A.B. asks: 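Structure provided below as structure tokens; questions to follow.
Naming convention: chains lettered A, B, ... in sequence-line order (proteins, then strands); numbering from 1 in each chain. Both backbone and side-chain heavy atoms feed into the values below; hydrogens, waters and symmetry mates do not.
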Amino acid sequence: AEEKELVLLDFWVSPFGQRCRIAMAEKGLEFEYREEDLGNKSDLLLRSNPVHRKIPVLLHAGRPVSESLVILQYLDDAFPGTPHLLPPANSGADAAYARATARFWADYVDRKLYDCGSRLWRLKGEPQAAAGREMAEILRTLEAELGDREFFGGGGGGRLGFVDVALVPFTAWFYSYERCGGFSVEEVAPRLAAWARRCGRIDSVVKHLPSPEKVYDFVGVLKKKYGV
Amino acid sequence: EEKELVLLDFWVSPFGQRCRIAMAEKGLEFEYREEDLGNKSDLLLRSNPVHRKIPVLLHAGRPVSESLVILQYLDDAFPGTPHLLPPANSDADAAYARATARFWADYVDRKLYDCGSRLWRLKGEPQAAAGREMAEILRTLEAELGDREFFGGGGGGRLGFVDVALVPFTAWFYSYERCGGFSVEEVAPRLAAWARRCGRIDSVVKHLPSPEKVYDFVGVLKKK
Ligand SMILES: N[C@@H](CCC(=O)N[C@@H](CS)C(=O)NCC(=O)O)C(=O)O
Ligand SMILES: N[C@H](CCC(=O)N[C@@H](CS)C(=O)NCC(=O)O)C(=O)O
Ligand SMILES: N[C@H](CCC(=O)N[C@@H](CS)C(=O)NCC(=O)O)C(=O)O
Ligand SMILES: [Cl-]
Ligand SMILES: [Cl-]
Ligand SMILES: [Cl-]
Ligand SMILES: [Cl-]
Ligand SMILES: [Cl-]
Ligand SMILES: [Cl-]
Ligand SMILES: [Cl-]
Ligand SMILES: [Cl-]
Ligand SMILES: [Cl-]
Ligand SMILES: [Mg+2]
Ligand SMILES: [Mg+2]
């Protein structure tokens with residue numbers, strides 16, 4: 001008799017499923033994690049997300065919610081007593097505008113990180129370097145939005161907000177972006193690097209993110225799984 | 001910035017048309033400004049510097065971009081007006097209904113625009129292929145609507161989040177049919193029916209062009 005029967009269909013190295021893991025951890029919500037083999041998807045995943053057949057999928061008392069950013073908003077809507085990722089406009093202030101800004105930047109993460117990152121290990125030579133330059137600029141753009149704040153959330157909450165959660169799993173890929181793209185996050189976007197180190201000390205993030213070296217090793221298998 | 005709301009837009013954009021419809025549904029007046037996409041205004045470049053795309057909604061000079069974002073902003077910022085998404089804490093299944101609505105609106109964004117463009121862009125068996133895929137997409141939206149009057153709640157009798165997201169694309173159905181070799185009536189009749197019902201609603205009459213005008217525009221796109 002707690003809050004919820006939560007189950008998460010996921011894949012260990014997924015940045016998208018990691019979002020939902022961190023958000024539940026942040027919220028004190030316990031869940032059953034089920035590892036899926038994406039080459040051998042389970043009947044339950046295929047039934048629970050028939051449209052996309054992707055993880056993560058969150059099942060709350062047997063009813064599925066797909067798409068990581070949708071699950072994140074759900075975790076606020078469905079559990080109003082837990083610390084919120086987006087400010088409730090249920091208190092007015094500049095809440096409405098702050099929510100819109102947060103959705104814009106989470107959307108921007110969804111549009112840029114995964115796809116643009118993947119080019120870094122799918123391409124080689126100059127095309128790879130060019131993809132690296134675009135990655136650096138994406139990180140500079142994130143940096144610019146963070147400005148002088150401790151977190152993307154705005155703010156003074158001292159904890160992870162919606163955008164922070166959306167972006168933080170990719171901090172585990174920064175190393176891989178560095179080696180493949182030919183730049184250093186520290187040089188290109190020092191304040192984003194500092195943000196990644198701050199986030200990296202937070203228990204939810206420590207728990208749910210793999211190390212940069214483990215991700216680099218996975219990128220290694222991906223780099224083979226495409227050309228040969 | 002004469003009235004509170006200024007919408008930077010492009011006349012035939014289905015994404016801007018969502019915002020126009022949403023405001024009309026909410027009783028919110030706004031100033032409409034046409035952007036020349038080959039000559040973007042300084043105001044647009046400054047307000048959406050990240051993507052440089054319309055629509056942009058400026059509420060008392062503050063920009064909100066991304067059409068689905070704007071729709072949610074219009075509920076959040078104007079809580080007294082008719083809602084596109086049911087309020088989470090104000091059925092008691094609101095949380096789940098909202099997630100379902102966001103899921104489907106995302107589906108429209110991920111499929112309609114992109115699958116549709118291919119239909120006029122390409123010209124042969126690839127065009128045909130695009131055709132095939134659009135038909136399954138419209139079929140999938142049909143199955144989510146099921147026997148309901150609107151994608152939104154129901155009992156209420158008005159457009160919700162997903163209706164408004166998708167409705168402008170109903171003006172493009174004729175063009176998809178022509179370009180991709182299929183019939184909406186054959187592949188998704190209940191969806192065709194939904195489109196007709198929405199087409200009697202004041203906001204939709206006002207802000208959507210006719211299918212023929214969309215098709216002519218498609219023809220202008222091709223010639224170029
Ligand atoms: N829009 C998504 C994408 C999630 C996604 O890309 N999942 C990958 C794993 S990282 C997947 O399940 N696709 C399955 C496949 O490769 O067949 C979300 O935000 O959750
Ligand atoms: N519509 C897509 C957009 C692709 C995109 O997001 N490009 C990334 C690299 S993967 C980028 O850095 N774009 C320019 C920017 O975000 O400033 C396309 O043109 O193919
Ligand atoms: N993410 C979308 C995209 C809006 C969009 O695609 N805008 C197009 C016009 S329909 C645009 O502004 N393109 C600018 C250009 O062509 O440079 C939204 O929902 O608002
Ligand atoms: Cl693995
Ligand atoms: Cl199963
Ligand atoms: Cl709660
Ligand atoms: Cl290459
Ligand atoms: Cl902060
Ligand atoms: Cl560097
Ligand atoms: Cl431009
Ligand atoms: Cl299906
Ligand atoms: Cl209904
Ligand atoms: Mg750029
Ligand atoms: Mg700099």
A.B. asks: Pick whichever of A:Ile71, A:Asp76, A:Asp94, A:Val65 has the most heavy-atom pairs under 4.5 Å with chain B.
C.D. replies: A:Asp94

A.B. asks: Check each atom of B:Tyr107 against the heavy atoms of chain A and say whether the ones under 4.5 Å are side chain, backbone, both or neither.
C.D. replies: side chain

A.B. asks: Looking only at heavy atoms, what is the nearest atom pair of A:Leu160 and A:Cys199, with distance?
C.D. replies: CD2-SG, 3.7 Å

A.B. asks: Where does A:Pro64 contact chain B at under 4.5 Å (heavy atoms): side chain, backbone, both or neither?
C.D. replies: both

A.B. asks: Which answer fits B:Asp109, side chain, backbone, both or neither, if we ask what part of it has an atom under 4.5 Å from a heavy atom of chain A?
C.D. replies: neither

A.B. asks: Do A:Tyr97 and B:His59 have side-chain N/O donor and acceptor atoms under 3.5 Å apart?
C.D. replies: no

A.B. asks: Would you mind checking if B:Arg46 and B:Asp42 are paired as a salt bridge, meaning a charged N to carboxylate O distance below 4.0 Å?
C.D. replies: no

A.B. asks: Is a side-chain N or O of A:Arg99 found less than 3.5 angstrom from the main chain of B:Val69, in a donor-acceptor match?
C.D. replies: no

